[PDB]
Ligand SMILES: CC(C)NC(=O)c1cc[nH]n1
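Take a look at this one chain, the form deposited without the named molecule, written out in structure tokens.
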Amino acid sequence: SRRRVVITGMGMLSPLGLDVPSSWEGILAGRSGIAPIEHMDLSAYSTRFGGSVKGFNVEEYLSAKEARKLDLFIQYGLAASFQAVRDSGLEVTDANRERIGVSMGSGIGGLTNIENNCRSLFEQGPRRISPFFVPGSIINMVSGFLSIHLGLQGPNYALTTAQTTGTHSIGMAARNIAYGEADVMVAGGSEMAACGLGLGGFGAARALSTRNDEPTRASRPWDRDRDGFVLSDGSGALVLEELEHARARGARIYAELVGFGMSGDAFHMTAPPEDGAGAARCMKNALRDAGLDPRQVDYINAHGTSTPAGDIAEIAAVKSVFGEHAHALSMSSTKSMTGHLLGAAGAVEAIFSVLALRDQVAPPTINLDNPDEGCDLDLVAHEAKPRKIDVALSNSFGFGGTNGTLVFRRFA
């Protein structure tokens, strides 16, 4: 029957830090990671800022030889994965390598690489496409390259569920362990969509904040003056482990993963329904999966993208699931600081949820100057709130109406 799953290692690249502790320091200090993009010329674009990873050194993780072959989103995914495995203390051996797998995902994948190689094709012909173009760009090659470098022979796969990827990746990797298919999974997501195609494509949809003259104030979930999401880069990885396996090796356990919910809105390609009906179905699935009274939830790390329709749908969902308890829990969007890491969003935010439990603090929703109509919950405006947190929920809701909810709680 179903086994318990705990978090024993975590790894991150975000716009706030080159690891977890430096990123977390930023979150708790209400620091923005959003800045004008320096890696290309955006003067012809309607949005010229985002959350970049600053000063990423791939040579802390990989030979410049292996690294040259890999898109930035794969490099980010590997960096976070390597951090997570080291942080876990896990040693890979002949006795366990079949029982350790990986599920690292991306929503968009290797958009920089495909753009560059598409440009080569068009200006110079097919003989200029890099030999490494396919293995170096396709989304499953975080899982692939990690398994080759560490000798992981367990379940090996990748999700792509747009803005829900990281949450689904962690949730389904827990099911792998819960059901006996593996004892350990490295799970999360990675994204680097800041190329002409990414900024251009989201721009053409008018989905992005155009607050070019105050980029740090752009991402303002539930604020009446929000005008779309901020595009952000990075990676989150967690080592998920069966409880007895963790106990048997004296693993440090951060928290327990008790609940996972999925649902489909079956509403619209890009817009959530105004009432958040699918988000509510998804949270209720996760809470039943965790065997919880909804009143046990202390903290929600919202999806909280800073889109008009997205932010208000989450309020409706939370009110619908939690009723009067909606006024007692704390809910925050760390996207206020990090921006929207798309497929990596659920991965970094699962990590913020686990540290929320470790340190007993709800991170702030920065830039929440004027909450909108009906956004009257404890949204942890401006400043981090120390408080009791036994159960934390992490929500993701993406294109295609695809919802994920993770439930973590303190481990004793």
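We number the residues from 1 along the sequence you see.
There is another form of the same protein, the form solved in complex with the named molecule; it is not shown, and what comes next is about it.
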| query | finding |
| --- | --- |
| The single option of 246, 313, 331, 72 touching the named molecule in the bound PDB entry, heavy atom within 4.5 Å | 313 |
| Contact residue in the bound PDB entry, chosen from 240, 337, 300, 279 - any heavy atom within 4.5 Å of the named molecule | 279 |
| The named molecule contact at residue 271 in the bound PDB entry, heavy atom, 4.5 Å | yes |
| Contact of residue 24 with the named molecule in the bound PDB entry (heavy atom, 4.5 Å) | no |
| Close approach of residue 15 to the named molecule in the bound PDB entry, 4.5 Å, heavy atom | no |
